[PDB]
Amino acid sequence: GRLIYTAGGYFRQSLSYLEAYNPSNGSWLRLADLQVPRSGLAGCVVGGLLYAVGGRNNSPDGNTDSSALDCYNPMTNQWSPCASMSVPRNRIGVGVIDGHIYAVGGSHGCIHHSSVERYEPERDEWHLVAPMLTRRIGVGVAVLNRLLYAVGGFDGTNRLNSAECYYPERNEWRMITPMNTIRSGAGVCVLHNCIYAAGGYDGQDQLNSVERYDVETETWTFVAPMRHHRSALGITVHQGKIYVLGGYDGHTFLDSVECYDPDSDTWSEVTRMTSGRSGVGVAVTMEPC
Ligand SMILES: CCN(CC)C(=O)c1cccc2c1-c1ccccc1C2=O
């Protein structure tokens, strides 16, 4: 599309911000808030509609994991509730295949989900599919050549370098090569033929290391690291470049927005969000109005 939308996030409490960045001119636009604050959600786009999936409302009033699915229409600048998932999913991962949305992992209280479910926008319905071989919260999810990939996370006791791949026509999950680094809460996306895992938390430190998985060779290789360590970051791809938004570096909730150009293997700073925050949902679609 044209704009990078960032929904929700966390700074001292869960947030309801929806803001859109325009890489063409550097400008941010504040849009309609989410009806319910939430961090740890995921964002995605189908048919020019933006979707906020899962998450958790951390608030003074209390803490409520979200099973919600809310759609935003850029034309109207309005949110509508969609059907809820079978179960709340905080620190969720999502991916889109064939106009269908896959919700992966996440926590509900102290439950750490291995379950997965699929939303069909034309019927406004969710259905459970095969569970991952591993429980994963704070899991990175990406789609490549119509296969779904779950990368890293936290299974309840250990944080994971493991990764697995879902094969829809077989309704089956299989392990792939693990990463070289343990990561939970990394930004995971797809560029060209590789799956990128950036940043995250390895149990001790927030990471700035970035690595990528080549589906042909089935290996992970590090690329240039980000200028900032960060976990619970937002990530997306726009015109051949990776954008990472916010996160937590162990000291500050970052407003930094970094851009990776794969041809030069460099990260440059590109803008600041209007305020520091972690755990945002991020997606890309056309301009509002
Ligand atoms: C994403 C993985 N984790 C925790 C789940 C951290 O990186 C982390 C580690 C130590 C302290 C803190 C965090 C963290 C993450 C997101 C928001 C706030 C904090 C925060 O105080």
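Throughout, chain A uses Swiss-Prot numbering, with the displayed residues spanning 325-613 in order.
Backbone N, Cα and C atoms are what each Cβ position is placed from, and that goes for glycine too.
So that you can see what the record holds, here are the features copied from Swiss-Prot:
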MOD_RES   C434  S-cGMP-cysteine
MOD_RES   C613  S-(2-succinyl)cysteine
REPEAT    327-372  repeat 'Kelch 1'
REPEAT    373-423  repeat 'Kelch 2'
REPEAT    424-470  repeat 'Kelch 3'
REPEAT    471-517  repeat 'Kelch 4'
REPEAT    519-564  repeat 'Kelch 5'
REPEAT    565-611  repeat 'Kelch 6'
SITE      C434  site 'Sensor for electrophilic agents'
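When the Cα atoms are compared, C613 (S-(2-succinyl)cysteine) and the residue listed as 'S-cGMP-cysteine' turn out to be 41 Å apart. Under the three-state DSSP scheme, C613 (S-(2-succinyl)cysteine) falls in the coil class. Its own atom aside, the Cβ of the residue listed as 'S-(2-succinyl)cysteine' has 8 Cβ atoms within 10 angstroms in the protein chains shown. Counting C-beta pairs under 8 angstroms (sequence separation of 6 or more), the repeat 'Kelch 1' (327-372) fails to reach the repeat 'Kelch 4' (471-517), with fewer than 3 such pairs. Counted over residue pairs 6 or more apart, the CB atoms of the repeat 'Kelch 2' (373-423) and the repeat 'Kelch 6' (565-611) come under 8 Å in at least three pairs, which marks the two as touching.
Shown in sequence order, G480 are the residues of the chain, 6+ apart in sequence, with a C-beta less than 8 angstroms from the C-beta of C434 (S-cGMP-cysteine).
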